[PDB]
Structures are given as structure tokens and as C-alpha cells.
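Chemist: what shape does this take:
(5 chains, ligands or ions: 1)
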Amino acid sequence: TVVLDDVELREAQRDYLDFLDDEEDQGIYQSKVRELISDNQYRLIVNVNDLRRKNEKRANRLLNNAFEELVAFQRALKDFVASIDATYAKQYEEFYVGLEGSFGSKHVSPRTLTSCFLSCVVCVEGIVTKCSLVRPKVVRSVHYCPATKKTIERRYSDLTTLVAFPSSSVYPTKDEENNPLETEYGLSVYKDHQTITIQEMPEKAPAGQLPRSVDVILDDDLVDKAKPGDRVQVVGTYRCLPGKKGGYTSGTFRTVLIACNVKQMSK
Amino acid sequence: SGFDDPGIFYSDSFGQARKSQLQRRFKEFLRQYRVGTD
Amino acid sequence: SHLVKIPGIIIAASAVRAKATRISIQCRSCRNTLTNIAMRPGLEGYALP
DNA sequence: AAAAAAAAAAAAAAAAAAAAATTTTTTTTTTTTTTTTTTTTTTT
DNA sequence: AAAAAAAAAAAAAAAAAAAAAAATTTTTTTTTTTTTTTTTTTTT
Ligand SMILES: [Zn+2]
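Modeler: Numbering: from 1, shown residues only, chains lettered A, B, ... in the order given. The structure is reproduced below:
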């Protein structure tokens, strides 16, 4: 079911390819690309005020509906960093886009992270509370059959937020001939995964009231950027989670904030 | 560590006759039916 | 169900159709196989698991 | 002119295919409670 | 200044909520193959 073309995605990718194209301007984002290529870091931080001034409508669209918009942004980023250096752009299967700037209405606190801001990149200050063990998550798993001298690469899609199916979640262990498959851990590919919990600051929070906190899933690139007790500003995508399969549902949808970036709020 | 499931293994049998022994006696019938007179 | 010996004259002999003695079945979701089940010989059916 | 071969139409039977389908129990998690140790604080 | 008493902390154990986990063939339909019967067309 490969899509032949979509006007929305094509338009958005063109707009952000223009936004990254910085030579007629002062060269700020081109310089950012060049320095991050030199660093080997693979996230580029785009200021929302820059995006708003160059195209307010795209800023409204993105801050109202993130994930597919940022897929467009990141595909544009991959094309752009390939034009600067195809060899480096080939190196990483994805590159990422952090945010920064004046998230005017999109700056709330975990007390005020209502159910109006879903799939919207929200900005939120707060104190960490937990630091779960940063443990791997498998993304592309390679297997070897010694009976048949065979190799396979099962592929996994990061459906941390969408609907996920057992057919997607299968980890193969036997061939079609019921032979034994041995995992190739090194040849496989993994990304770190950590959960943390931001909290409304007690200096900011209401005086007499219980704390309120929000869960934050830091995948790779953001492993140890937040320990307990630290002040941190998290900007990212509040969303819903899928309940695991079962013929019943209550309406409950425990929600998270898949952080797009986190910075030291101490400033 | 829990990413695999290697198969069971077993060994050859060391030690109304059972169906395996009837199998053995059919094998004997085929292997030793001597028809040609001395 | 005991071996019997019978004379007769054949009158109609159907065409040789392929019947399965051992099979394999795949799972539609997990795509794992139950290789080489044994079909009980005769005009004996087989219910799938 | 009578016989018969062919045609279309109608019917029976065997093989394959079609369709129908929630409830009970277990386990993690959260939250408090209680014991006992440790720590701190007040007294002579 | 050190002893006694009290308060708080740390750690183990228990009770309920709510999300997960597991079990799970048989009867009806209907297409296709085969045969059968009445008729028309053709041949002796
Ligand atoms: Zn399966």
C-alpha cells in the first residue's frame, strides 16, 4: 500500500527543504548542519520563532499535529544532509529534529497539560522524579539458521504511539523447516530506551496541592540528559498509548510525552 | 538470553513383545529369509 | 479391519488423484510452520489444529 | 416412413466450502499499614 | 556530657483495582459431476 503521492506531505517537505536551505540568508541552518555533521550528533534544533516568521501557517500546522509533520521535516533533513554529504547521510537510518523558541500558548506545566494538546508539541518545565534504567530496545534483528546456512533480518517499526500488531512484534526463532534460529545480537540493531517522570516544580506549583507529573519516554540520543531532581524543560509530543489487545476497553488512555528534546531548565 | 529456543535432543535406546520389537522381527524376516536350498 | 482376500471383476477405475500422506501448515499471524504431520492412510480425514 | 443419433434440459448426490463465535480467571501494580532499627532530641 | 525517651525512617508484608491472559468445532450450503428423459433433427 505504498502511496504514490500526497499533496500535504510533498508541500510540507518542500517548505522545510526551503527552510533548511540557508545560503541566501546568513547561513545559520547550513552552519548548524555542517557543525552537527562534524560533531557526529544527529539532531538539529530548529527555532519555532524562525519557523513562524518564515511561514506562520506551517508553525501552526506542526504545533497542532506533530508526528507526520516531523516525519516530513526529518525526511527533508535527510535529503538536505545528503546533499551536503551523502556519505554521512547514509550512515544513520534516521536523523532527528529538536525544537526551541517561544511556544507561546504551547508552554504549559504538568498541572496544565490538559487533554487539548494531543499530538501537539507541548513545552513544559519541571523537575525530574525518576530515572529508569536506560535499557536497549531492538529495532532490526538479524538471525542465522545453521542447518540451512541462512540469514534473516526481521524488521521492527517503532510503534510506541500507533497501533501495534503481533505480526509486527514477532521475534523469529525457527525457519520454515522448523530448524533452530540463533540470534545475531551484534548484527542486530538497537536503540536505548529510558522512562522518566517530570513534575511541576514546588517553587512553581500551587502551595497546598499534591504534585502532578507526566511520563516521558526518552529513546536514543536523549539517554542521560535528565537525572532525578534536575530542572528540565521538555518539548515534545503528548499522545495516547494503545492498550494491549483484549475484547474489552474502558475509555482510559494512559498518556505520555514522547519528548522531542529536553534542555537544562537551570539556564 | 531469552531470544532463542533450541530444540530438544535425545539419544539411542541403550537398554506381547512391543511394536518396536515387532519392527525388529520384520527387519529380521527381510534380512534373513533364506530361500535357496543348500 | 482384518486382512481379507476376495475375487472379483473390476468395472470402473477412477483417475489417479494426488492425496497427501504428510503435510505442513503455516500460521497466518506468526508465520511458523508445523512441518511434516502424518496423514493417517486410507480414506481418513484430518482436522486442523 | 421408421429408426436412431444428438441436443437441451432437468435432477441427485458427493465433495468442498461457508459461517458462526465472550467469559472467566490471574497477575501486576499501587497504596497503605506495621515492625523494628536508627536517628534525633530532651533530661539530669 | 552522657543516658533515656520519643520521633522519624527504612523495609517488609498485605488488600484491592484494574488491565492482561487463555480457551476454542460443528453444522449448513452450494457448486460440480454425473446421470436421465423428452424432444427435434437427421439418416436409413
Ligand atoms: Zn502463530
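Chemist: list the buried residues for stretch A:222-237?
Modeler: Buried positions in stretch A:222-237, judged by neighbour count with 16 or more other C-beta atoms under 10 Å in any protein chain shown: A:222, A:225, A:226, A:230, A:231, A:232, A:233, A:234, A:235, A:236, A:237. For the C-beta atoms, the positions are set from N, CA and C on the backbone; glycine is no exception.
Chemist: give me the distance from that stretch to the chain's centre.
Modeler: Offset of stretch A:222-237 from its chain centre (C-alpha atoms, centre = their mean, to the nearest Å): 14 Å.
Chemist: so what touches that stretch?
Modeler: The set of residues that contact stretch A:222-237 without belonging to it, under C-beta atoms under 8 Å, 6 or more residues apart in numbering or on different chains, is A:66-67, A:98-100, A:103, A:119-131, A:134, A:161, A:192, A:194, A:196, A:198, A:201, A:216, A:218, A:257-266.
Chemist: distance of the residue of chain C found nearest the ion from residue A:158?
Modeler: Each residue of chain C has a distance to the ion, by C-beta to the ion, and the smallest belongs to residue C:30, at 2.8 Å. With distances taken as C-beta to C-beta, to the nearest Å, residue C:30 is found 21 Å from residue A:158.
Chemist: cool, residue C:36 as well?
Modeler: When C-beta to C-beta is the yardstick, residue C:36 and residue A:158 sit 38 Å from each other.
Chemist: hmm, back to that, out of the contacts of stretch A:222-237, which touch chain C?
Modeler: Counting by C-beta under 8 Å from any C-beta of the partner chain, the subset of the contacts of stretch A:222-237 that neighbours chain C is empty.
Chemist: what sits closest to residue 20 if chain neighbours are left out?
Modeler: Picking chain A for this. residue A:80 (4.5 Å; C-beta to C-beta, 6 or more residues apart in numbering or on different chains).
Chemist: let me rephrase: I mean chain C.
Modeler: residue C:39 (5.4 Å).
Chemist: state the number of residues packed around the residue nearest to residue A:20.
Modeler: Residue A:80 is flanked by 21 other residues according to other C-beta atoms under 10 Å in any protein chain shown.
Chemist: then residue A:12?
Modeler: The number of residues packed near residue A:12 is 22, by other C-beta under 10 Å.
Chemist: list the contacts of the helix or strand hosting it.
Modeler: Remark: residue A:12 resides in helix A:7-20, with elements defined by DSSP states H and E. Contacting residues not belonging to helix A:7-20 are listed as A:29-30, A:33, A:46, A:50-51, A:54-55, A:58, A:61, A:68-69, A:72-73, A:75-77, A:79-80 [C-beta under 8 Å, 6+ apart].
Chemist: how about a cut-off of 6 Å?
Modeler: Judged by C-beta atoms under 6 Å, 6 or more residues apart in numbering or on different chains, the contacts made with helix A:7-20 from elsewhere in the structure are A:29, A:54, A:58, A:72, A:73, A:75, A:76, A:80.
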